[PDB]
Structure formats: C-alpha cells, structure tokens
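Read through the structure below, which is laid out as structure tokens, and then see the notes.
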Amino acid sequence: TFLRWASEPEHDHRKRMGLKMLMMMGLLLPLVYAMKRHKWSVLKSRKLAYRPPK
Amino acid sequence: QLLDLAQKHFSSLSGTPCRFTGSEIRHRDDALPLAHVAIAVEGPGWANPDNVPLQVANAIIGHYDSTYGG
C-alpha cells in the first residue's frame, strides 16, 4: 500500500476529482443533449411536401 | 331618414379564441423572379389599447418601395 502511494501520490485526489467529474458529466450530458434536441426539433418535426402545379 | 328606412325594410328580419403558433411555411419555387416574405408575431385584439402605440411603432419602421422618391 505504501508503494502504491509512492508510485501514485495523487491517487486519492484523482479519485475525488473523478467522482466530481462523474457527477458533473451526469448532470451536463442530459442538459446539453436537451439543448441539442431543442435546437434540432425544428428540423426533426418539419414536414416536407411536393406540390407540382401539373 | 335612414332609421325609418331601416325600420321599413329591415324590420322583417330574424331577431373560440384562436391560438397563435410560431411556425413557418416555405414554398420554395426558384422559377419566380422575386421572393416574398411575411413575418409576424401575435398581436392584440381590436379592443386592446396597445393597438395605438404599436401602430406608432410600425409608423417608425415605415414602408418602402422601389418607386419611392425619398
């Protein structure tokens, strides 16, 4: 365990930052995904029609 | 005179708030010489006082035509 600390002195802090980034990403990915869906709904719901006068 | 005429002729007579939707219709037709565009927003009713300032606002935007000498 001491050698593990010696090789990775940032182990604990790395895990802490990883937990924080996991929380932030789990919060952000749905939010930015919702923003993308909001912007793209104009095209996703659009309905095209073809009306040749003939 | 008009009232008595109406009583003579018109006496023998029988005794849904619309939803504004932000959308677009594009009729793409490249054969036409010029493109017409009409963009609007939900306005007030006849009885709304805000019709008076809004017209003023439109008067500020004004109108133009290629034949205007201004």
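In the structure tokens, chains take the letters A, B, ... in the order shown, each chain's residues start at 1, and ligands count up from 1 in the order shown.
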Set the cut-off to 10 Å and count only C-alpha atoms: what are the residues of chain B that reach chain A? Output as a PDB file with N, CA, C and O atoms, in the first residue's frame.
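File written: iface.pdb
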```pdb
ATOM      1  N   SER B  23     -44.481  29.304 -36.325  1.00  0.00           N
ATOM      2  CA  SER B  23     -44.144  28.274 -37.294  1.00  0.00           C
ATOM      3  C   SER B  23     -43.719  28.949 -38.589  1.00  0.00           C
ATOM      4  O   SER B  23     -43.583  30.173 -38.658  1.00  0.00           O
ATOM      5  N   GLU B  24     -43.503  28.142 -39.625  1.00  0.00           N
ATOM      6  CA  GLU B  24     -43.126  28.686 -40.921  1.00  0.00           C
ATOM      7  C   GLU B  24     -43.660  27.804 -42.039  1.00  0.00           C
ATOM      8  O   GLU B  24     -43.733  26.582 -41.898  1.00  0.00           O
ATOM      9  N   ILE B  25     -44.036  28.442 -43.144  1.00  0.00           N
ATOM     10  CA  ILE B  25     -44.372  27.769 -44.394  1.00  0.00           C
ATOM     11  C   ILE B  25     -43.440  28.327 -45.457  1.00  0.00           C
ATOM     12  O   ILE B  25     -43.452  29.533 -45.728  1.00  0.00           O
ATOM     13  N   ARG B  26     -42.627  27.459 -46.052  1.00  0.00           N
ATOM     14  CA  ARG B  26     -41.705  27.839 -47.116  1.00  0.00           C
ATOM     15  C   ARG B  26     -42.130  27.142 -48.401  1.00  0.00           C
ATOM     16  O   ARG B  26     -41.990  25.923 -48.525  1.00  0.00           O
ATOM     17  N   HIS B  27     -42.644  27.915 -49.358  1.00  0.00           N
ATOM     18  CA  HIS B  27     -42.979  27.387 -50.679  1.00  0.00           C
ATOM     19  C   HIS B  27     -41.829  27.728 -51.622  1.00  0.00           C
ATOM     20  O   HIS B  27     -41.848  28.723 -52.344  1.00  0.00           O
ATOM     21  N   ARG B  28     -40.812  26.874 -51.602  1.00  0.00           N
ATOM     22  CA  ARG B  28     -39.634  27.068 -52.438  1.00  0.00           C
ATOM     23  C   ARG B  28     -40.008  26.930 -53.907  1.00  0.00           C
ATOM     24  O   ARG B  28     -40.476  25.872 -54.339  1.00  0.00           O
TER      25      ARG B  28
END
```
Inset, instruction - Could you give me, as a PyMOL selection string, each residue of chain A that DSSP assigns to alpha helix (DSSP H) when run on this structure's backbone? - result: chain A and resi 2-7+11-44
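Take CA of residue 54 (chain B) and CA of residue 38 (chain B): the distance between them is 17.6 Å.
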Legend entry - Shell around residue 53 (chain B) at 12 Å using only C-alpha atoms, local window under 6 positions removed, as a ChimeraX atom specification: /B:44,59-60
What does the file look like for those residues with N, CA, C and O atoms, as a short mmCIF file (atom, residue, chain, number, x, y, z; two decimals), in the first residue's frame?
```cif
data_model
loop_
_atom_site.label_atom_id
_atom_site.label_comp_id
_atom_site.auth_asym_id
_atom_site.auth_seq_id
_atom_site.Cartn_x
_atom_site.Cartn_y
_atom_site.Cartn_z
N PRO B 44 -52.40 42.15 -30.68
CA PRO B 44 -53.56 42.31 -29.80
C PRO B 44 -54.86 42.28 -30.59
O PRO B 44 -54.88 42.26 -31.82
N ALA B 59 -45.29 52.77 -37.66
CA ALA B 59 -45.02 54.02 -38.35
C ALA B 59 -43.55 54.40 -38.26
O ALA B 59 -43.01 55.03 -39.17
N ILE B 60 -42.88 54.01 -37.17
CA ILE B 60 -41.45 54.27 -37.06
C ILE B 60 -40.68 53.38 -38.03
O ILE B 60 -39.73 53.84 -38.69
#
```
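Minimum distance to residue 22 (chain B) across B:42, B:35, B:5, B:61 (counting only C-alpha atoms) occurs at B:42.
With CA of residue 36 (chain B) on one side and CA of residue 66 (chain B) on the other, the separation reads 14.8 Å.
Interatomic distance, CA of residue 52 (chain A) against CA of residue 29 (chain B): 10.1 Å.
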Legend entry - Contacts of residue 45 (chain B) at 12 Å (only C-alpha atoms; same-chain gap of 3+ positions) as an MDAnalysis selection string: chainID B and resid 17:18 42 48:52 54
